[PDB]
Amino acid sequence: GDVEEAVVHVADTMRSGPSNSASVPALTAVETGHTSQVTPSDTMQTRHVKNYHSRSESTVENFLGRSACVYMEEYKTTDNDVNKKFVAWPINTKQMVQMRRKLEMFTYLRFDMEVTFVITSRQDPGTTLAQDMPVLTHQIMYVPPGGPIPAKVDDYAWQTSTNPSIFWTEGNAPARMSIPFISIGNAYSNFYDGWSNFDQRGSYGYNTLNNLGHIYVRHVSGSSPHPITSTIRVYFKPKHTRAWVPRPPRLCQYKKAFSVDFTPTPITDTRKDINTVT
Amino acid sequence: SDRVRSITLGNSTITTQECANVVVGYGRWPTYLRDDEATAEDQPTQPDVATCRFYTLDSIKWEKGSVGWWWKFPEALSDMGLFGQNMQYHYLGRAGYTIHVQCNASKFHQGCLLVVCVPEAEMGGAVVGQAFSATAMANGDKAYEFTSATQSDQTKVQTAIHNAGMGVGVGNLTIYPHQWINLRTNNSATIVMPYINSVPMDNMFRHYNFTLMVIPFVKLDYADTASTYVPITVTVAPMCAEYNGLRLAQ
Amino acid sequence: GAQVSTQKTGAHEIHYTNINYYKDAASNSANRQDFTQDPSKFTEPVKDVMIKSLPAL
Amino acid sequence: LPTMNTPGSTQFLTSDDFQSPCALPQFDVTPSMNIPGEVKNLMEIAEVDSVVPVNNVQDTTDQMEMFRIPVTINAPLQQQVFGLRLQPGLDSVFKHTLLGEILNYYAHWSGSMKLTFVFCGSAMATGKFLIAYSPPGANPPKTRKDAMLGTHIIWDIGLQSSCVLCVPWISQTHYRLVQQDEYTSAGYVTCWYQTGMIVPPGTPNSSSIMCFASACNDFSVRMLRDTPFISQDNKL
Amino acid sequence: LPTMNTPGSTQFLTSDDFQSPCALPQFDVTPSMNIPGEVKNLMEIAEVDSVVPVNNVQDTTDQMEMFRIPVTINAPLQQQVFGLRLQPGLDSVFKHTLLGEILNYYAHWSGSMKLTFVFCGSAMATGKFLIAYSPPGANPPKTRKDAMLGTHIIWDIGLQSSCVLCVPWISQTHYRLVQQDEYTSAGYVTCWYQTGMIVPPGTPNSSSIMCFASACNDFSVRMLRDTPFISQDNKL
Amino acid sequence: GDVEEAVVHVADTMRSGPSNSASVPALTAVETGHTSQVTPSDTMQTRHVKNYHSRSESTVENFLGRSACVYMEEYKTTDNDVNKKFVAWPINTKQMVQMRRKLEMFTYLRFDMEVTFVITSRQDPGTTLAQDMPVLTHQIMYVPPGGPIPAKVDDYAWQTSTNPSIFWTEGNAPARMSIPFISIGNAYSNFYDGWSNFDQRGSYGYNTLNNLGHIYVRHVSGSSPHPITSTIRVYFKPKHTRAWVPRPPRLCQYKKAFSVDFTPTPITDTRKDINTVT
Amino acid sequence: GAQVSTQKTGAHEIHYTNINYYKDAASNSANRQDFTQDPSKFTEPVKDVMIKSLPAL
Amino acid sequence: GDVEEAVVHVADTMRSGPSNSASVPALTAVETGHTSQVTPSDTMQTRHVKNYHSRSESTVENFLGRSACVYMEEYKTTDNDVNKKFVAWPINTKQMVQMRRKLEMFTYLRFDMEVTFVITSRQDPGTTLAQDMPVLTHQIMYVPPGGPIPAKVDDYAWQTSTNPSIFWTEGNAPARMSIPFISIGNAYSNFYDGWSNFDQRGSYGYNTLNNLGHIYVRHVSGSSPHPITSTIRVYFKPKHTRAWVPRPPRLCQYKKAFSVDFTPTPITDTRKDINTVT
Amino acid sequence: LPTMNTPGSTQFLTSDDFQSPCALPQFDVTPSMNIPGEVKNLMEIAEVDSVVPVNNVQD
Amino acid sequence: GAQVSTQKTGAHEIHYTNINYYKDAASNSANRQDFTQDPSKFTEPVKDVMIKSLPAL
């Protein structure tokens, strides 16, 4: 057991000749809700062709297997406002438009997650900038629902004993981690046509099922004589994906981060007349 | 001939002498919950026959200016026979459905309807960033009207037909299970919808399993006849329904 | 305990080794080598099979 | 040997598993000894009973009163003894119990629960009680007729002084959030007089009951989080 | 163990496949359940029919009119019913269809296409139509005599209310660009009156036709790109 | 021998029907100190259910297998006070609250330790900051009990010949090391209800058994023209853990780092009355 | 001298290799794959076994 | 299957002696378009020689297997002109002369590509330069044809959800990636003697077939108090190469990046007379 | 796993041979076709005749 | 699953191991060990073979 060993082309085209019979493949009835299965070989003479094309790149695994930004935020190393020196982001996947659209083509999903963090820093403009500061360090902390939440940069809550955390230093490769399928159902749900209270009242929509927790970031101990601003970008990359119940892609522009609200939009563009082809 | 269909559930029967085949959800027939997939501990109740039967909801009137209608399930059957009582008295429920939509007209009428069941048909408010009560989207068995023009009342859902109140192209609804009622060659559409959800069971008062939509793509037309409208009727029948978690009536 | 397997390549005209280092299956790399598919679920959801040659009704 | 560093190098993840050098090579550890009472899973703790402070009346001058449910003779017919929400990780009643403490270190939970009631009255006293569990709904029960519809057990007081109500796991989802909300409600538990308490001459006119909470053998938790009950402002 | 880092170390490539540590060791995932309707390839979606808004007349007060092609009685002989370019990913007609949306996530495409037409007139109405596909050329057809030279099918309206025109894959290259240009043109599709529509007394004088678009079983796409239809200016 | 090869679901639910017999599983007697073992199948009719849930995440190994801050301190590269240019921390695990609580749920523990150090630097504010300084280097030294202790940054004791030490440079990954079970007993003890002297006098409590040594940190040779402040955080991560004699979790807030002293606290919160459920 | 073993994964619907590089057992990675447990120590510490069906006393 | 196992010298010279016969290897006829195949052994006496020379270094794989710059561009971290803070380069291989020439010796090519990016930064000159800025980070994004194009540094399009991207930090090794044969034909074409429209009108030349997409680069969040300029160089390195239909190397200097236009050039240099050999 | 970086790490050598990640996973390449005239070594070109401009008379 | 093969070296007067880590064949290293060649395509494209010794015409 030092080793252990472990492709699907599209359909070919078969030669067809002249025909004259009672069979009518072309004629059908869409009223049944059944899409036809005719092929070009059934309506005109065709030669024999061997197709080596493959549909590898259209698998859901590959379609969703690309990292995408889902959130970015800024925090300063030193400032008067306490709330401005750290970030607190409730986790959700509906704030950036492209990744949201991509996900919203399926009603239910089940996958592992790969998270990557990109952090950059810059010196704020000012009258006096001459200073020398060693390399900075950052802390990322994940707080499952119901856990304590810090209220300031130097709060006791930053002494994580059970909450996973990452300490990262500038100049190295971006931080990364993997998370398993952390849901309470048998699959994640992009849509939820229901209410919170059993009396059909309360919050309505997917917001109701969003209880993934929070993420907090801060400078470990950096406190410069002059302000320094940092930005963090979060990237998600699904793995081992399964999807169910496809739905039509969205057409109207997004307008709210926790709702389906929209404005009516034309079906498509227009042209001069039904015959114009130029 | 394959143009004749007969369906017998419980103590009710449906016979259509001119119809197309029956569509079956995503190729899955309704069935009971398996032992290795359940989560609740106590014994379920399975009142077949008493609940698995056809229930004809009320009827609508199809005019030359109609735009469409929708119903939401299972809330539509909230007060229909023993099904409603069982749903009231239980915390959890589970059941598939058989939807049959009838519409008949002479050989000289023309028109086309789209019948489609949309699971998790979440809808947006008429005015962005404004909440609405649970009355502009489901109030029992009564049907709701789509609107040709853009909606404006904040108390109601956006009824713009071409967007289907979901922010998606109306022409793309074909992806869901569906059928067409074409007056040339059809009189009814039959759809068998299995139980689709992210959990084995769910409360039927808090969650709308799926939405039924009827949209006239080709408006009704006729000339020189005494009939002014074409009635439309909808019939539903739960299949393999089982409840759990008995408690006080809601 | 190493796995050997083929890698995408052309057609008319080739093995890589993989080893898992972590004790959680969520850490494995993406398994993007599966190509099985079946569209009959969405294209032919009817109850009675229909032959293309025969009339629909 | 050519190599390429992938993203994530040089990161410090607090929940990683990697080998690292030993700072005390060839250190001789003390021989092991089998101390009694080894514990290998927090669930073992979670299945032990603990007293539930049900009597949170906002007027408890004496703290110990929280653990005793009053009962009287000549009680109106069909009266409510107590009622509470079934939120083991959030409700004040179960918040600090031996079970509640364990859950607060996690985010998801599932399984059944056991509620045990013990009658600590006199030996000559007698009575019957109805204990019912009502699954989630629009309104909690208000009268015994409403309560008796749901899961319940009729408790008879005799030589055996304890009765167990097993709360079944009825839920639409495989798991429930510890920080429960409207979506993942769990229901209510209430107790009512079935017959009333009768006593002979020369006995106290009042008695008390105690409740114990524990998890069944199918209980489990998931996702570790940091508890919110303990906090500090300055280094000790 | 001597080693040398090759170029590319410490880079973050958004489409890489590497193992990384798990932040929640020994996490117990919820058991899987076979929900109906699993999808394993976007082509499965791409092969489903969808209505094509062919009637883009720049004067559509009512949006739903875009899906209905007018037809009249007593029509001049051999008249054109409609015409369009075959650019499934670029032309406004196919831009937003269920098929067009999928292609817009890719750069290359190949394979045949299906166009299905359904007559939604009266039961007593009758007629014949000629539907032709013209490969790329210097000029699109202007009269039925020109159209009938290329691939075409004569459609007869009867009990079967639907007819399918299969557009064959004729191209000099194995693939075509979604952002089509002069080099990779695909041709035109047009429909003409073959005999005309005849109706008996007491029937409407006008009818409508609808078109459905879908991909054959040899269709495929390649190279993933980000779609251009959706955009934002500020964080939501 | 090139290779060598090497799961436990919760109990299921069995179907149960109507019953009428002399057996009374519900009735018991807690006076015995024995917790019941009834199941829902013993009091109401139930269906057959197969449970695939597992208790993997609740093992003591996983419960304690998370790194947590246990101490943080600051030291300056250059300053007038000698004692302010280096750190001297007696090792103990009772200074940060969360990790302390977590550990205090068991009376005795036995585990290996994984230690990680996070170090960050920042330039102190001042009137003149224009300077150029190469990357800094730090030294961490561990002094078992009874060894010599440095008295200043440039003391001879920093020439470790037997004391393990780590030299670290900013910009790289955090330092790390592993330590074996270094106790004098067969297990560590979080509590000790006893005295030091055999006459029942002297120190009382766990302090008595705390003899793990000290940790010292300093800048190797950095001495800037202007002050630079650095902070160090220490993280502990038990491995191969075994625990004995569980005890109830603490309820009252901690107040001393080497004592169990506390202030009385209410058992729990209150509500309107015994019947209020809203 | 490599060890191969299974990794956590789902249920209804998978091997990693490990090698030790250091000469001290304390350097090994956490052995978080053990799931054996027994609660009878704390739940049934009585001397005489009691059958649930039978009366307690 | 733990392992699996898996050279061509030039022709030798054969000894030849005096000859006198009717065979005339020297005489031939180039009119046939057939190059001779005579050898020195056929015209003068030769000794036996064993040649160990090999033609390994002249294979097309090795000839083209060298990375070469194909494009360089500059962008500033902060400036008034929005278009000057990022780069947008349509991909093509005809802008740098040497690599262009090398490729243009074959009509058709088919290969995989290895791309490497070299990024450097420098502070722009100015009156005040005293500032402190942490390490910078850069983003490279690839946009296949037809995708959305950003219009400013902070556009929404930079939240790639399907477009591959690389985030890189200064001080590390250069970024790298590999791309497969991404063409729509069975081979890439350096030349195309044809038009775009079927009426023999429109664009003419290889430009017509250039539809590989675009590349965009920007500073992630760096925004300095004073301008900082960065430069990026792109290197391509073909792999697994196949070539067809060789053509003579170019002689006239290049003058346009998307055309074959040139100016007439002398065939070669001159000398005093036909007999001069000094 | 202890390791030590040797000199030359993090260098970019224009004539190196190393594996690198693919930016388009599971991409389906177009099928190959045998175009006439494949060339596999520049010497094949070098052995073809060509006219030599011998008459370089500066006039 | 490792490949062993010879490496260029001198003449008169030697094995390296390779393993593939990625699932796409495009990630492999350059296969610059092929030395087969045939110039007759460009040097002798005539229809009738001509013997060098014999006269061309």
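As written, the chain order gives the labels A, B, C, D, E, F, G, H, I and J, with residue 1 at the start of each chain.
Everything below uses one rule, namely that a residue touches a chain if its C-beta (ideal position, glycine included) is under 8 Å from a C-beta of that chain, and two chains touch if they have at least 3 such contacts.
Touching subunit B and subunit F at once are the following chains: A, D, E. Set side by side, B-D and B-E show the greater C-beta contact count at B-E. Relative to the C-alpha centre of subunit I, the farthest chain centre belongs to D.
Central chain assignment: A. Criterion: smallest distance from chain C-alpha mean to the mean of all protein C-alpha atoms. Centroid to centroid, with C-alpha atoms defining each point, subunit E and subunit F lie 62 Å apart.
For the pair subunit E and subunit G, the distance between mean C-alpha positions equals 56 Å. Subunit C and subunit J have Cα centroids separated by 35 Å.
In terms of their C-alpha centroids, the spacing between subunit F and subunit J amounts to 63 Å.
Residue numbers of subunit I whose C-beta contacts span two or more other chains: 1-2, 9-12, 16-33, 37-41, 43-45, 47-48. Shared contact sites, meaning residues of subunit A that touch two or more other chains, fall at 1-3, 5, 24-25, 27-38, 42, 52-57, 59, 61-62, 65-68, 72, 96-98, 101, 108, 116, 118, 128, 130-133, 135-136, 156, 160-165, 167, 169-174, 176-187, 195-199, 224, 226, 245-246, 248-251, 255-256, 266-267.
The residues of subunit C that reach two or more other chains are 1-5, 8-12, 20-24, 26-30, 32-34, 36-37, 41-43, 45-46, 50, 55-57, listed in rising order.
Interface residues of subunit E, counted against subunit H in their complex, comprise 5-15, 89-90, 104-108, 136-139, 173-179, 181-185, 222-228, 231-233.
For subunit H in complex with subunit J, the residues that touch the partner chain are 1-8, 23-25, 27-29, 32-38, 42, 52, 54-56, 59, 61-62, 65, 112, 178-181, 239-240, 246. Contact residues of subunit C toward subunit E in the complex are 20-24, 26-30, 32, 34, 36-39, 41-43, 55-57. On the subunit E side of its complex with subunit I, the touching residues are 1-9, 13-18, 174-175, 220, 222-224. Subunit C makes touch with subunit I in their complex at residues 8-13, 30, 32-33.
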